[PDB]
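K.L.:
Just dropping in an experimental structure and the matching sequence.
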Amino acid sequence: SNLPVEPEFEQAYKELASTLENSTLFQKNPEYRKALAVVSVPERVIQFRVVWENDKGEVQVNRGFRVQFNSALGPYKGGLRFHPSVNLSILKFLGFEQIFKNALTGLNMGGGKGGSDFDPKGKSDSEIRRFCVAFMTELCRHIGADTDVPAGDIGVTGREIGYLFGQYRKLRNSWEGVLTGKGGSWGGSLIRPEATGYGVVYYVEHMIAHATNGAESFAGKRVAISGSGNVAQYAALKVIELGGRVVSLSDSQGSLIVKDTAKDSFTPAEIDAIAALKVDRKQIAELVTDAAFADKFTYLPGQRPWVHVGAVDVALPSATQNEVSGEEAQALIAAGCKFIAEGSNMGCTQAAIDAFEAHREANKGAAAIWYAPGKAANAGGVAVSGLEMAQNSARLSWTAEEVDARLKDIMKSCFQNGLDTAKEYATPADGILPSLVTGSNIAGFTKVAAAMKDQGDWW
Amino acid sequence: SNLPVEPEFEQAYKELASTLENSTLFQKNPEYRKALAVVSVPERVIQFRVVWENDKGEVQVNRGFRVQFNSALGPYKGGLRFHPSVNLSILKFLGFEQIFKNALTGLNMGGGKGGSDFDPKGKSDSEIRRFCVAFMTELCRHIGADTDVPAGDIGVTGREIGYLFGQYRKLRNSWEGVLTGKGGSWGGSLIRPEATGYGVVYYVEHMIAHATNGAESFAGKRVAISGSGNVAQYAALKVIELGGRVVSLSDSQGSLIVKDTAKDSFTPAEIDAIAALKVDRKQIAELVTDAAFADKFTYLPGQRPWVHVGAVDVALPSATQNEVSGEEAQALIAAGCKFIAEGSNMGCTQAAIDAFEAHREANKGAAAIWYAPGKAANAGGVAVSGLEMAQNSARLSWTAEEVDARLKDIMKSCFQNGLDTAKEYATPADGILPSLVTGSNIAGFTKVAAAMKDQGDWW
Amino acid sequence: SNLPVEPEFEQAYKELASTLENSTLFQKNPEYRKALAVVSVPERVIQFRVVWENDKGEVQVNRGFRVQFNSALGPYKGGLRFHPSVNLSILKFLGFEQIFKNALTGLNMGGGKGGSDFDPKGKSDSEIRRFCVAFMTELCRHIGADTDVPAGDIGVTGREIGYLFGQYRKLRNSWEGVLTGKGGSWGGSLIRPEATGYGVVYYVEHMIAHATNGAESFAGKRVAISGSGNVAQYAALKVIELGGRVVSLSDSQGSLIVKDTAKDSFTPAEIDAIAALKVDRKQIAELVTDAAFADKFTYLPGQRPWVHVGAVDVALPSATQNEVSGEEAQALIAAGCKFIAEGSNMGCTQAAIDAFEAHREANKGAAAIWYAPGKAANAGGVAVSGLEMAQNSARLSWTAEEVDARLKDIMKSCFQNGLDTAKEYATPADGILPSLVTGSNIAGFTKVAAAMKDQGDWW
Amino acid sequence: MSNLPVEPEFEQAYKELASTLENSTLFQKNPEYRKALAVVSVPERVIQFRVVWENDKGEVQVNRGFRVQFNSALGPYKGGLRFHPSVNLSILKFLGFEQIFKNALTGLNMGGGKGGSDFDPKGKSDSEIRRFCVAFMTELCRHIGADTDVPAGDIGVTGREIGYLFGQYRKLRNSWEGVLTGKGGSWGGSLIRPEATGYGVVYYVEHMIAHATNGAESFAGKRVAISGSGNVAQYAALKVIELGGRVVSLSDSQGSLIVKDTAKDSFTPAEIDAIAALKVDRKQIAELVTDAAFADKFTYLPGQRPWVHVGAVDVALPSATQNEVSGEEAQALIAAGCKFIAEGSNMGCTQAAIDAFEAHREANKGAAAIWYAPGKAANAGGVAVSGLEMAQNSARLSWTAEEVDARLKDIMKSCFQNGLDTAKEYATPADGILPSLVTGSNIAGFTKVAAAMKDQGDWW
Ligand SMILES: NC(=O)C1=CN([C@@H]2O[C@H](COP(=O)(O)OP(=O)(O)OC[C@H]3O[C@@H](n4cnc5c(N)ncnc54)[C@H](OP(=O)(O)O)[C@@H]3O)[C@@H](O)[C@H]2O)C=CC1
Ligand SMILES: NC(=O)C1=CN([C@@H]2O[C@H](COP(=O)(O)OP(=O)(O)OC[C@H]3O[C@@H](n4cnc5c(N)ncnc54)[C@H](OP(=O)(O)O)[C@@H]3O)[C@@H](O)[C@H]2O)C=CC1
Ligand SMILES: NC(=O)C1=CN([C@@H]2O[C@H](COP(=O)(O)OP(=O)(O)OC[C@H]3O[C@@H](n4cnc5c(N)ncnc54)[C@H](OP(=O)(O)O)[C@@H]3O)[C@@H](O)[C@H]2O)C=CC1
Ligand SMILES: NC(=O)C1=CN([C@@H]2O[C@H](COP(=O)(O)OP(=O)(O)OC[C@H]3O[C@@H](n4cnc5c(N)ncnc54)[C@H](OP(=O)(O)O)[C@@H]3O)[C@@H](O)[C@H]2O)C=CC1
């Protein structure tokens, strides 16, 4: 009751813990409640003022954060977020998810996450540059290639990463794998831009395969996507590559959907145009008036994709946390949606998830809508970041195939761990699909909890 | 609106800012609103998990904090608090006060403050020792004799300081002035135990002197005190030494008042007995049944001193923040109280302070009740801590007189700065006393704001 | 022939070397030839890029430097010069001079200097803050309160030291005597602003009083000063204070001379008005169109004051290196000047020095021109600077008086040491004044040469 | 402006780069890179220091020490250490400047640096060297590291000397790490490092010869004029002989040693080993005037470079030191029918010589032309395998001799190819004319580095 209310974090915690309860995990390993208690308080958090100069010469204040939540499995590893709503509660939820997502890679990476309430919108390239310079001045001392390795998230693209790296290098006089999402000439890995959205799809391929006994694929499926950022961009491109039709994309202002969802789609070209806007930080709203887009797409301001795509098969929330409500989950089920995986960390509201797992428990095999949590599906990104670290570590640069091969292995291993661990610790009824949320949460939590015990963080 | 609500901090901020507004400060120096904005975001904050072992062998979790709020004037300097209600909001308010209190010493000390929600009650000496060992393991890396110099506060006595020092020494392989409130054989300063409560009194001597033109002193005054800790203990002992009668003391459970407040008092003996209990962490409640105390004192459970001491002249809240309500301030005025200085940081509720300054504005000269804020009156302690640092720095140990001399200088200089700066920037009406809160807040804030400008924290 | 030609350095070196040569020193200490070889190669030098941003958002490149020449007698100590003339040669003469000057103060201080070719002229206060910030981002690692302590020289005042310090604190998370010449409230020392200037005058009191057997002092003396900066200003104000008439200041654009040199003088108010223009980085030329100056003075663009004063008794070169030519020295001689001390570092050319010593060998007693080197007369600045370090390490602030007192003492012993050493090692003919420069050199030099030997820096 | 010391060797290499960038569409397409050109040519950091050390007689001795940390956008600082009485800031700036870009071309993450000292190894006993290296590293190590700056060897700094520095580094830093390259086998070195630079030159030219003749010729049958007789010169020569080429010249700082019959005759590997031995002893090549074996077969030419005394010759490999090919000398090589010339040595050809070889490439179509390849493209093999030492030390393993030779060969193919293809995009040559390797090598190295610098906020 001394503790401040952190609702975004509490959500994250309660889903995880709840899935741990509704399982025979604590019957077999009662001691794990002590591990859950310990792990939930972060190892370390750094908060810090960031003072920076806008183009008009005026002095600006913003709030730096870096949650270093658990380094049992590896160095702290996790993205950076620049968005006006950024607080502790939020970066704590991401840091917490990140712990356990990172475990499912089978690479040695701890959970962390940081960022700022700095808003990159309205801001010049120069203003963003200064801000990164001041942000990295303070963050510099708490991070490092064997300590904590940040990367991007909402608002932190490879460009911001560039400015952050350059300043890290100035300060510490060291060239090392201290950041991921880096550009190719200077310690970047091939596949990293693509890795998150690729990962999601690769994971749903396996969900579909198993759900339908190899009958169906993304081949000719209708796929609603939300957001239009690095995740959703390359999620959409892979759906197309496997013959899927991407029927929707969105931003902060609205969703943009093909008028004929039954048969029409986005194209690599159209996506590349939306990418260009989000380097310049413009909204989708700007390109709906052009000829190519006006005839083909409806643009719905203030509206999310889910309830206006009609019939649809796969759903990939890739914008932000809490962007699929229970109103909106029921609508997807009713539109015959039978696969939903989170591109975005905590994309689904509890209420939505409660409809999805209730449905899976009520309907047999392929008749079920199958939810996969973000820590299982958007793990591709962080997993390649590990490969980036390893590349830097070994002091060489691997080929795109070499990496995409390893990404495929790792997304598959992660589906198989969630699935097997769901059958083992919370066996579904006859003909019912294992809980992918529960098995992923349990598999992640167990590997962590035991490594913490071995090391002495708890007894 | 992303920002979490931190009410203990917001209070601290709003009083300070309000006093800055109700003054011609921002007319003369409008730029200072930018300094107020910058200074209010802390330079750095470290939060960290603390895992420790109780005597029964079981694993325990608690929350470590260290607010490093402003290092403009000097290294971060500020106490450590172990109390169950400890959160960020709270340690931020103390850290914020500490910035500006420290400025009024004229020694080079930044504002900081840290602690834990660790509760020392119910706890063995061994349990406290382990906890300090684990607490200092993490705090070790963020602190140092030229960086940040902690000390005590509620729950952190010289004993806890001992355990913290020993572990700092183990870890960093360094013997330095990294902590204050240290014991004599190992870098302690003479007068430090006594310095805070001594300081308060020394400050009220000057309030009384000026208020009454040197007519009155603590000589035969009735002095209600709250709390029974290191502040209130040596506050009470100095009141007696100057011929004052200490009529009240309190703890968490209740207040303990002499049955005859008009003519009776506590004694150095009786106080030394109450001290012994608070090394062992027992309550006042335990010694009311003995012969000496049963006949002499009434003990009122759950009740604060203020409204049950009858007539009374001086009030010294020395327990904790927000322990004098407006209900309770009016009661003091009505009982002819004409001096109130805060031993405890933010001891008075706004509502109380609003009655006190309203009264001073309504009634002329000595007919006024005169409030002095904690940052002006409990500065004695931190000021000697500086002397402790200097002693360590010069590598020698000064005599008790040498120190008490410097303490006297420094408490007086601080009254004179509050007074002069109140007359200058917010001149009272004719025959009305300067605001000691406003002048102390302004004098503290200005020295800081200008040092920040010079250094480039703002422009 | 691999060595780059560094004219500024090899001068400082040849005058030093020839004075040692033109003495008995090498007869009784031939091993010291080896000491000269070693000392005159700097222990460490740091060169660096300083990328910074102007007010237009435009990228700007400048060259940073730190010359860490000798640390046998203490941590490197030196000022920072921001002037377009800056190269390695200029900093290497200043850094080398500083060795031996610091040796004459009696304090423990090495010989350092640095800066950059960045020119503060043109620049906004914004642009200086920004250069300063980027400047110290690189410098920071190479310095520290026990390692190397920089300060001001030409174009680095307390304003710039402010920006520098504040960045260094932000970078090293440490508050220390890393820079001297700091503001009062953040580790500054009283009498710094005034130190170098007063010191020059104080030194020359002892020169006057010796040469004239105490008959003349600075009262009713006519004094020509060059420069209008820190050294110049406060020397002028001191000469004025001691009954003297200051007939000249100057800057980069021209001299400013009283029309009536025989009877008239500069005033405090006129000096305080120029100082205000130098604070604002303006020229003397700005004010030649005023009541305040038009009638009383005569602006002389692109000349130095020496030839245009005629009636003159003392010359205080206080601007920059080699600002007194062979021809100009003869003018001063011809015009009856008897005393000349370098306020500026290496103020006089070898041609000019030679004339002053040829004259000193040529005329008995007060009838000669006495030349004092900078390393002796301008040592008040660095001496008090070391008393600022002393105060920072004692965590305390000394009085105006206490410092001035130390200053006068230090300067008296500097004169005395120089005088006696010249008397021992290069005894002048009957009646002839001892060589203050040959003395001052052999004095500083032998202390460092011995310190080195002891320490194994040579054998 | 006019405060800066006149640094001739640094300014030379600055100009050859700047001018080659101007003579292309690089600044038409990306005009902003003029800013980067200005930012990059100022060193990031530089460290000068005294080096007090003790001679064999017990006498104190002084020398100047240098480390130039020019650019670190593409990696940590990387480049050798030079012990030569000529050494000064200027020289070491050219070397480090060259390095930024050379490293840019191996495709590995390495920034640019170099250092050394005016210490002169000639006449010093092995004991005196050991002591210097001790003093030298004592100041140096503060500023370097496996992830900070990785020195190595250049002229006057062999594996003997590397070892002294490594052992002192290990003491001082309490660390066994990949802080130096060109190390011994037992202790963190790599196979094919001794060989690397010279092999790397002859692999790069093997490609030049392939392009000019569409695979129809090789080093087979070619006469090859080589200068210097150190690490670069020795193993370049060994690889020529291996590929059926005739090495007709070697040289040193005193003189040149040429075969009497340049047409039909060549050096044997055994003779190269006998010289390589003389240089481990810091003894002059001159000493062979007195062995009948060599006197019969060779001609020593005290005070002459070999370029005008080889008769007709085909390939020229400067492998000694900078500016060792005059305007005059380069003309005579055109006259002899040399059609291939690669700098083994860093900035080995003069501006006169570069200007003559480029003007000639543009005057003559196909294999009539003489083809110049810069230092940064051809000798990149040293630092490429140097860069593989670090990759091996980081992974804590050792690689087979041919694992490294293969990795090397592939990098030189990439480097030749990068230079050719970049030159066609930005400085398209006329029809039938060979693309400018020096231009395309400089452009491609520069743009990688300057793109990285933009990305990292070094300029904007
Ligand atoms: N990049 C990565 O490697 C990984 C990302 N993720 C998660 O995926 C999600 C998106 O990441 P990423 O694509 O990198 O971020 P980007 O900034 O690249 O894109 C963000 C997208 O989400 C939209 N968006 C952001 N915040 C909100 C909001 N509060 N309400 C509505 N729309 C919003 C943005 O709209 P607009 O363009 O208008 O701002 C934009 O379309 C995040 O939750 C992130 O944590 C998870 C794993 C890896
Ligand atoms: N020590 C120092 O140098 C300085 C202290 N202060 C301030 O003075 C105050 C007291 O400090 P200190 O005496 O060192 O602390 P101590 O622990 O020595 O004593 C605390 C006293 O306050 C009582 N108390 C503590 N918390 C509460 C609460 N929440 N409600 C009611 N009573 C409470 C305690 O009762 P119990 O014994 O039952 O716990 C005890 O009587 C604090 O606000 C502190 O910040 C300010 C400047 C310097
Ligand atoms: N400050 C100190 O503590 C000490 C200073 N000194 C020496 O005193 C001299 C000046 O220092 P300081 O007074 O702080 O300098 P300031 O920057 O305070 O002022 C320097 C003055 O000299 C003039 N000046 C500067 N450069 C030149 C030039 N290249 N040609 C002609 N005139 C010039 C300037 O003209 P303008 O204002 O137009 O630029 C300015 O008025 C230096 O030699 C310095 O080493 C020595 C010991 C201590
Ligand atoms: N080490 C490597 O892997 C690399 C080397 N290089 C370049 O190769 C060249 C030599 O390297 P390396 O073989 O290691 O050096 P070595 O010292 O082993 O050999 C250098 C040769 O050059 C001669 N030489 C040295 N200085 C001069 C001079 N001033 N005038 C004429 N001849 C001279 C030497 O003659 P003497 O024996 O009489 O001194 C010696 O025969 C340099 O330009 C270097 O930059 C370039 C890239 C990588």
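P.N.:
Structure received. Residues are numbered from 1 along each chain as shown, chains lettered A, B, ... in the order given. Ligands and ions are numbered 1, 2, ... in the order given.

K.L.:
all contacts plus neighbour counts: C-alpha atoms, from now on.
P.N.:
Fine.

K.L.:
any idea how far the residue of the stretch 201-350 of chain A found nearest chain D lies from residue A:230?
P.N.:
Nearest to chain D, among the residues of the stretch 201-350 of chain A, is residue A:279, at 13.8 Å (C-alpha to the nearest C-alpha). Computed as C-alpha to C-alpha, to the nearest Å, the residue A:279 to residue A:230 distance reads 10 Å.

K.L.:
now residue A:38
P.N.:
Counting by C-alpha to C-alpha, the gap from residue A:38 to residue A:230 is 34 Å.

K.L.:
Also residue A:242?
P.N.:
19 Å.

K.L.:
So between these two, which is more surrounded?
P.N.:
Neighbours per residue (other C-alpha atoms under 10 Å in any protein chain shown) separate residue A:242 from residue A:230, with residue A:230 holding more: 21 against 16.

K.L.:
Please list all residues in contact with the nearest residue to that one once chain neighbours are set aside.
P.N.:
Spatially, and ignoring its direct neighbours in sequence, residue A:230 is nearest to residue A:193 (6.9 Å; C-alpha to C-alpha, 6 or more residues apart in numbering or on different chains). Residue A:193 makes contact with A:181, A:230, A:234 under the criterion C-alpha atoms under 8 Å, 6 or more residues apart in numbering or on different chains.

K.L.:
Distance-wise, check the residue of the stretch 301-450 of chain A found nearest chain B relative to residue A:110.
P.N.:
Nearest residue of the stretch 301-450 of chain A to chain B (C-alpha to the nearest C-alpha) works out as residue A:449 at 14.4 Å. With distances taken as C-alpha to C-alpha, residue A:449 is found 12 Å from residue A:110.

K.L.:
now do residue A:138
P.N.:
Between residue A:138 and residue A:110 the distance is 21 Å, computed by C-alpha to C-alpha.

K.L.:
More neighbours: these two, which one.
P.N.:
For residue A:138 versus residue A:110, the count of surrounding residues by other C-alpha under 10 Å is larger for residue A:110: 27 against 22.

K.L.:
What values do phi and psi take at the more buried one?
P.N.:
Torsion angles at residue A:110 (phi, psi; degrees, to the nearest 10) stand at phi -80, psi 160.

K.L.:
Correct me if wrong: it contacts residue A:74.
P.N.:
Yes: in this structure, residue A:110 is within contact of residue A:74 by C-alpha atoms under 8 Å, at 4.5 Å.

K.L.:
next one: stretch A:317-324 to chain centre, how far?
P.N.:
The chain centroid and the centroid of stretch A:317-324 are separated by 10 Å under C-alpha atoms, centre = their mean, to the nearest Å.

K.L.:
what residues does it touch?
P.N.:
Under C-alpha under 8 Å, 6+ apart, the answer for stretch A:317-324 is A:154, A:225-229, A:231-232, A:250-251, A:304, A:306, A:341-349, A:352.

K.L.:
tell me the contacts of the closest residue in space to residue A:297 that isn't next to it in sequence?
P.N.:
Once flanking residues are discounted, residue A:297 sits nearest to residue A:258: 4.4 Å by C-alpha to C-alpha, 6+ apart. Residue A:258 sits next to A:247-248, A:264-266, A:296-298 when contact means C-alpha under 8 Å, 6+ apart.

K.L.:
how about residue A:258, phi and psi?
P.N.:
According to degrees, to the nearest 10, residue A:258 has phi -60, psi 140.

K.L.:
wouldn't residue A:359 be in contact with residue A:369 here?
P.N.:
Yes: at 6.5 Å, residue A:359 and residue A:369 qualify as touching, with contact defined as C-alpha under 8 Å.

K.L.:
quick one: which of these two has more around it?
P.N.:
For residue A:359 versus residue A:369, the count of surrounding residues by other C-alpha under 10 Å is larger for residue A:369: 27 against 18.

K.L.:
Do I have it right that that one meets residue A:339?
P.N.:
Yes: the pair residue A:369 / residue A:339 is scored as a contact, 5.4 Å apart, by C-alpha under 8 Å.

K.L.:
what are the ranges of the helices in the stretch 51-200 of chain A?
P.N.:
Counting by DSSP state H, counting those that start in this stretch, one finds helices in the stretch 51-200 of chain A at the ranges A:88-103, A:125-139, A:158-172, A:192-211.

K.L.:
any chance of these in a markdown table, plus distance to residue C:64?
P.N.:
Converted to a markdown table, these look like this (distance: least, C-alpha to C-alpha, whole Å):
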| stretch | distance to residue C:64 |
| --- | --- |
| helix A:88-103 | 39 |
| helix A:125-139 | 20 |
| helix A:158-172 | 14 |
| helix A:192-211 | 38 |
